[PDB]
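Undergrad: There's a structure below that I have some questions on.
Here, each number is a calculation from the coordinates, and none is a lab measurement. Using ideal geometry, Cβ is built from the backbone for each residue, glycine included, and neighbour counts are taken over all protein chains shown.
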Amino acid sequence: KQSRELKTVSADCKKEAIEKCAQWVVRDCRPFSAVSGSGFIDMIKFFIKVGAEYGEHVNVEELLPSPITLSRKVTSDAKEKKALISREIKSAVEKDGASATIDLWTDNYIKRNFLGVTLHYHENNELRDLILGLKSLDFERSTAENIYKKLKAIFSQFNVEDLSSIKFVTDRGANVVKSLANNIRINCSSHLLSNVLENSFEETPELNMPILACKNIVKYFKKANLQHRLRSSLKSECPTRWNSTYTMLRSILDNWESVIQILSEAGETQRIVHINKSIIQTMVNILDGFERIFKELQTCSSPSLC
Amino acid sequence: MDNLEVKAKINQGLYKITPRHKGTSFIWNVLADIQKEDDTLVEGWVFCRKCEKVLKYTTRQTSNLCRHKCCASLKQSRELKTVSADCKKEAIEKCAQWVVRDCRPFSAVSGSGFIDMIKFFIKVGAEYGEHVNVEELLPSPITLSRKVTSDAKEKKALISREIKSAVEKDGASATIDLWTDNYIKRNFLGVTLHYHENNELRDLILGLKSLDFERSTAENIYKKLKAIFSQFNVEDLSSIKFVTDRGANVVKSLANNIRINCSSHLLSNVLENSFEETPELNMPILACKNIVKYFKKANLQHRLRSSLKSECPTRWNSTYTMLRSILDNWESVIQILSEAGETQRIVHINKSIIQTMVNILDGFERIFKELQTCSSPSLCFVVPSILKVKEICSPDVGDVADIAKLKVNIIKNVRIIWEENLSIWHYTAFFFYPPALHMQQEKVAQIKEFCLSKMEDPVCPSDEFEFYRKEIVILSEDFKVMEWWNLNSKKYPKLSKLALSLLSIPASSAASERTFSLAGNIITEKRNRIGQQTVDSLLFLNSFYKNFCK
DNA sequence: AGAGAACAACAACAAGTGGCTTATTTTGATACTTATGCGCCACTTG
DNA sequence: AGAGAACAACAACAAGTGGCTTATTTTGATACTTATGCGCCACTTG
DNA sequence: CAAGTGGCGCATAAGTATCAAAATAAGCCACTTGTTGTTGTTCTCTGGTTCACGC
DNA sequence: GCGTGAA
Ligand SMILES: [Zn+2]
């Protein structure tokens, strides 16, 4: 028990420590998992070190800065770290090995347009990934020329002048297509397969009718607050998110007994019984195969091109 | 040289002095400057108050001025032992890693609880050296939840005695409300409590318990509130003053007890009725609504210099700030509409009516702000609100006849909505105003026997009531009624408790709105599995720390 | 061839001052870049 | 396809009083050698 | 006379010893409340809004 | 010109 190593404390210290932690958590309205932060324990290390080395009569308030200082410091560190890393960035991109995915996104509240850039490349027995930056296209309407200028500006402030050897795996955005016509443009496999599935469903209206029935049933569930007695609540109807209807099918067919029991006295049981379960499990298995394909192929931490 | 010249002139007395500069540093608490004979400040040089030597002044830097011998001795108040610049550098560095690695807001470091934690941690580190294992010291969130629940239980047990002590003296003002969350569709029941013990009202929440998922009904509300009061072992449940506006099932449940309407939502409904009866002013508001939607649909908000406000969240008439934002930047928006091809929309609206409506609705906003105050008592200034809204809506020739129609609608709605729904308790509260020269009508006639009957539970009550009737002092700008009868409590030992109870009744029930907003802050899209017990415990602890602690 | 004890004529030495060129620090006003800090001021959000 | 956040359900647990036989140090005491001065006091000498 | 020593024990004492009857901790186990810990489950987040444009 | 879609 504490064989002369990094020392422990008594029970009073633990009690008062958790008292202080509870005080902070309840008073400042922060998430509970804060005390498990990776940087939080490092800050605790620094503070206990400083306190031990400088006694217990120091001005705690003065040692802690203001948020504006934090912003200036993080900006300065951003500039310094970018300058430090640009050398290895140019070294890696010079050797024809540099792969980057490009896609734009619109902000939810202010709707400012942005563009993000990352990099996938192999340093030493591993594929190193770091995001290069994320710059906004002001407020002007999006165009291929602006995207091309912004990307060359980012690569240039990171000391890149080739813009030919690097690789892109992106969408079929015609503006993006004309943006980088001098290099390769590879269609996103996930997006291609999503289009394939959309075409697959849309050519069979007879079997699309069960999908409409199921989505209107989950609408009936969410509209009347009927997920309360259900053992496992249902998910979103149609978010256009890589066949969320697959999860809908799994949930519906795992609570089929409960939903039929509920709808027997609800008067809508005639609608569900129109479709037999066998075809439903068959397409569930097909979507199981497709979901396995998704989870194996869609991976940024291991090779998947093979 | 210039300095010798100005020194000689000021010593001869040709130039005068100015000792204070309104600066945040301590150097100007001793240092001073000079002004010329034509009331012009001296630039580039300063003057000391003890050595009487003219030193240089620099706008870009003042460090050279603090090493002077006269200002050296003053320094500043002794502080706890400080460290060098390096330690601060590594401190801000580690704080930068903390704030970047956990996606946390920057203003987290300035929290009071964080300061308490760092004080504790620096103390324990100084006590037990530099080799203490930190990972065992920091607990896990499950322990945090268990301990906060237990602490909520024990704090409630401790305070229930003083809730009883407050309720026995008939001070039992507390409002209830219902609200729906955003993601679980659960319905939560919220209730606060107000009482006076230590010369200001105590704002705290009794609790917030969820009524499961079963269908809303009067019996569920009554049993829920009965249980909530039962955790404090309270069975009176009759002298509690209720403030709910138009909750139909809620009113039906508590119809046996004392019920009082809510003034804020009443006034909002009065404004709604007033604007409903004038279509000529109804369609310009709709035109402004469509104009705002036109900007918002195609994110045309970038061009404008001051973006428009939210349309109408049913959150106390946001159309005020909506029309303010529209009016105060009219030229730019009408230009944008000019090249937008939708120029026909603006023809229906004129600026003068906009500005007059801005004036009157800003008056209504001021009324809202004055009446809605949780900390200070606010029940007294209610009838003067009706008087002021009456006098502002004076039918004149300056306004258009349509504005006269709107004013007539306001007066009709306030006459047939507000005063007929006003309880005698509001009259009693208005009566205690120290200058009572305006009212000598039947209201005092009724309040006489009302107060005499209520206070049943030499030293004659009627005689001291007329003694209060004679004493009259006009209002001062910094006057408070509560401390006024705190001083007069010796003069009237029994009526003081009655007036304290009356002044403990809030004008409205905005406390429930504040609690619901706080709960919405607690429950976010990213935190949704949180339980009702934890929410209630957190809210109770926050309210207790804000109210009853230091 | 010891040994013990004490003057004597010189005689080779220090403790305690001034004179002094010639450096040898200390006190002090001031010309700048450069990393912190309140405080309105929003201000856009729902 | 990671992203944070958080319960419920069952294992798991150090923190604390009470029996207690087995080492073993404090105090105590009798018991006995070495050696260390204090003062008469002769006990001399010149 | 007086500065020097033995002497007569000589009353004292800082040393040593061993013979008893007590004052303590160590290793284990009792056992009863309260108390902390992984390891599961369950609900959202990003996939997306009109322009390059050829067909 | 208007899908044309692939976002
Ligand atoms: Zn001075």
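Undergrad: Normalise the Debye intensity by I(0) for the range B:316-442, one equal point scatterer per Cα, no solvent, then take log10 at q = 0.15, 0.20 Å⁻¹ and round to two decimals.
TA: Each listed q corresponds, in turn, to -0.88, -1.26.
Undergrad: Also: Could you give the Stokes-Einstein D for the range B:391-550 in µm² per second, using the C-alpha Kirkwood radius, 20 °C, 1.002 mPa s?
TA: D = 104 µm²/s.
Undergrad: Could you give me the ³J(HN,Hα) list for the range B:414-430, computed from phi with Karplus coefficients 6.51, -1.76, 1.60 and θ = phi - 60°, whole Hz, x at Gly and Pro?
TA: 5, 5, 9, 10, 6, 5, 5, 9, 9, 6, 5, 5, 5, 4, 4, 5, 5
Undergrad: Near A:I217, within a Cβ-to-Cβ distance under 9 Å, what is the net charge of the other residues, with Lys and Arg +1 and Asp and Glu -1?
TA: Local charge sum for A:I217: +2.
Undergrad: Please enumerate, by chain and number, the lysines with C-alpha under 19 Å from the C-alpha of B:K443, excluding those fewer than 8 residues away in the same chain.
TA: Straight-distance partners of B:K443: B:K454, B:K470.
Undergrad: Moving on to the next point. Treat each spin label as a single point 7 Å out from the Cα along the C-beta direction, and report the A:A213 to B:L304 distance in nm.
TA: Going by the 7 Å Cα→Cβ label model, 5.0 nm.
Undergrad: Once you sort the root eigenvalues of the Cα gyration tensor of the range A:115-266 as a ≥ b ≥ c, which label holds: rounded (a/c under 1.5), prolate (a/b larger than b/c) or oblate (the other case)? Display every interim value, and only then the final one.
TA: Numbers: a/c = 2.83, a/b = 2.56, b/c = 1.11.
Taking the square roots of the gyration eigenvalues as a ≥ b ≥ c, the range A:115-266 is prolate.
Undergrad: Sum up the charges of everything whose Cβ sits under 13 Å from the Cβ of A:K14, counting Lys and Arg as +1 and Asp and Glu as -1, but leave A:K14 out.
TA: Values: positive: A:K15, A:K20, B:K147; negative: A:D12, A:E16, A:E19, B:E135, B:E136.
Around A:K14, the charge tally is -2.
Undergrad: Still on this structure, please answer the following. The range A:1-108: which trypsin sites (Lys or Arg not before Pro) are DSSP loop and have at most 13 other beta-carbon atoms within 10 angstrom?
TA: Sites meeting the loop and neighbour criteria: A:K1, A:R4, A:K95.
Undergrad: What is the P(r) of the range B:480-528, as percent of Cα-Cα pairs per 10 Å bin from 0?
TA: Going from the shortest bin to the longest, the percentages are 22, 28, 18, 17, 11, 4.
Undergrad: Based only on Cα atoms, what Rg/Rh ratio does the range B:21-154 have, Rh being taken as Kirkwood's radius? Kindly include the intermediate steps, with their values, before the conclusion.
TA: Details: Rg = 24.4 Å, Rh = 20.5 Å.
Over the Cα atoms of the range B:21-154, Rg/Rh equals 1.19.
Undergrad: Something else now. Run the paramagnetic zone check for B:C51: 7 angstrom along Cα to Cβ, then residues of the range B:68-82 with backbone nitrogen under 16 Å.
TA: B:68-75
Undergrad: For the pair B:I424/B:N547, report the inter-label distance in nm, with labels modelled 7 Å from Cα in the Cβ direction.
TA: 3.0
Undergrad: Turning to a different aspect of this structure: Through the Karplus equation 6.51 cos²θ - 1.76 cosθ + 1.60, θ set to phi - 60°, convert the phi angles of the range A:97-106 into ³J(HN,Hα) values in whole Hz; use x for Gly and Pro.
TA: x, 6, 10, 9, 9, 10, 7, 9, 8, 9
Undergrad: Of B:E525, B:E276, how do they rank once you tally other Cβ atoms within 10 Å and put the fewest first?
TA: Numbers: B:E525 7, B:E276 11.
In increasing order of surrounding Cβ atoms, one gets B:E525, B:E276.
Undergrad: Of B:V382, B:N329, B:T356, whose Cα points farthest to the positive end of the dipole of the range B:306-386 (charges on the beta-carbon: +1 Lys, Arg; -1 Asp, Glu; origin at the Cα centre)?
TA: B:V382
Undergrad: What shape does chain B take by its C-alpha gyration tensor, where a ≥ b ≥ c are the square roots of the eigenvalues and a/c under 1.5 counts as rounded, a/b above b/c as prolate, and the rest as oblate? Before the final figure, lay out the partial values.
TA: Working: a/c = 1.44, a/b = 1.26, b/c = 1.14.
Rounded is the answer for chain B, as its axis ratio a/c remains below 1.5.
Undergrad: Still on this structure, I have one more. Please say if the range B:442-507 is rounded, prolate or oblate, where rounded means a/c under 1.5 for a ≥ b ≥ c the square roots of the C-alpha gyration tensor eigenvalues, and otherwise the choice is prolate for a/b larger than b/c and oblate otherwise?
TA: Rounded, since a/c falls under 1.5.
Undergrad: Continuing with the same structure: Please work out the C-alpha center-to-center distance from the range B:386-438 to the range B:209-273 and express it in whole Å.
TA: 28
Undergrad: Gap in Å between the Cα centre of the range A:147-179 and the Cα centre of the range B:440-458?
TA: Taking the Cα centre of each part, the range B:440-458 and the range A:147-179 sit 85 Å apart.
Undergrad: Can I ask one more? Explain nothing, just compute: Karplus ³J(HN,Hα) = 6.51 cos²θ - 1.76 cosθ + 1.60, θ = phi - 60°, for every residue of the range B:469-485 in order, whole Hz, x for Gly and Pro.
TA: 4, 5, 5, 9, 9, 6, 7, 9, 5, 10, 8, 10, 6, 5, 5, 4, 7
Undergrad: Cross-link partners among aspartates and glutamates for B:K526, C-alpha distance below 15 Å, same-chain residues fewer than 8 apart left out?
TA: B:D102, B:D181
Undergrad: Which number comes out as Rg/Rh for the range B:86-178 once both Rg and the Kirkwood Rh are worked out on C-alpha atoms?
TA: For the range B:86-178, the value is 1.15.
Undergrad: Would you mind checking which residues have amide H under 5 Å from B:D33's amide H? H placed 1.01 Å from N; only 5 or more apart, or other chain.
TA: Residues meeting the criterion, in which the H sits 1.01 Å from N, are B:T18, B:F47.
Undergrad: Still on this structure, I have one more. Cα to Cα, under 23 Å, and not fewer than 8 places away if on the same chain: which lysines meet these conditions relative to B:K7?
TA: B:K16, B:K36, B:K50, B:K53, B:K56, B:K69
Undergrad: Towards the positive end of the charge dipole of chain B, with charges on Cβ (+1 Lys, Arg; -1 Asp, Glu), say which of B:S508, B:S110, B:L538 has the farthest Cα.
TA: B:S110
Undergrad: In what order do B:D2, B:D402 fall by count of nearby beta-carbon atoms within 10 Å, going from fewest to most?
TA: In order of increasing Cβ crowding within 10 Å: B:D2, B:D402.
Undergrad: I've got another one for you. Would you kindly state the longest site-free stretch of chain A, with sites defined as GluC sites (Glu not before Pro) in a DSSP loop (not H, G, I, E, B) surrounded by at most 16 other Cβ atoms within 10 Å? Please report the intermediate quantities before stating the final value.
TA: Working: sites that count: A:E5, A:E56, A:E123, A:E126, A:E140, A:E161, A:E203, A:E237, A:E265, A:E268.
It works out to A:57-122.
Undergrad: Which cross-chain or sequence-distant (5 or more) residues have an amide H under 5 Å from the amide H of B:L193, H modelled 1.01 Å from N in plane?
TA: Long-range HN contacts for B:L193: B:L204, B:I205, B:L206.
Undergrad: In Å, the Kirkwood hydrodynamic radius of the range B:244-309 over pairs of distinct alpha carbons?
TA: 15.5
Undergrad: In this model, which of A:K49/A:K79; B:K164/B:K497; A:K73/A:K150 are farther than 22 Å apart at the alpha-carbon? Can you show the working numbers first?
TA: Working: A:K49/A:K79 30 Å; B:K164/B:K497 16 Å; A:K73/A:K150 26 Å.
Those over the limit are A:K49/A:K79; A:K73/A:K150.
Undergrad: Between A:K15 and A:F168, take the C-beta separation as r, use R0 = 45 Å, and let me know the FRET efficiency to the nearest 0.05. Walk me through the numbers on the way to the answer.
TA: Working: r = 58 Å, r/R0 = 1.28.
Result of the calculation: an efficiency of 0.20.
Undergrad: Find the relative contact order for the range A:171-306 and round it to a whole percent, using C-alpha pairs within less than 8 Å whose residues are 6+ positions apart.
TA: Over the range A:171-306, the number comes to 17 percent.
Undergrad: Hey, what's the Kirkwood Rh for the range A:5-93 if you take every pair of different alpha carbons, in angstrom?
TA: 17.0
Undergrad: Amide H of A:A98: which non-local residues (sequence gap of 5 or more, or other chain) have their own amide H closer than 5 Å, using H built in the peptide plane?
TA: A:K167
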